[PDB]
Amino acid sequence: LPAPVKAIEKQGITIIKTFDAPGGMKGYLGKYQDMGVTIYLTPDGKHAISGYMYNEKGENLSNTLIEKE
């Protein structure tokens, strides 16, 4: 895994799968205490943002993905 995602994994998040997200972000689906989490890697491969991505229509894309799984 990319460094920030690997570092997050070492802090108790299990990484489940990767996905391509919009805005040039690479997505990682993980779990923290049996709850789904989405982590987004910046283009440089060096930073990652754990949280919820919203689009131009106000859709919470992360919820969509986590709920689907």
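All residue numbers are counted from 1 along the displayed sequence.
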Entry-reported C-alpha B-factor of residue 9 relative to its chain, by third, is highest
Split the chain's modelled residues into thirds by Cα B-factor; residue 15 lands in the middle
Chain thirds by Cα B factor, record data; residue 28 belongs to the middle
Assert third(CA B-factor, residue 3) within chain per record equals middle
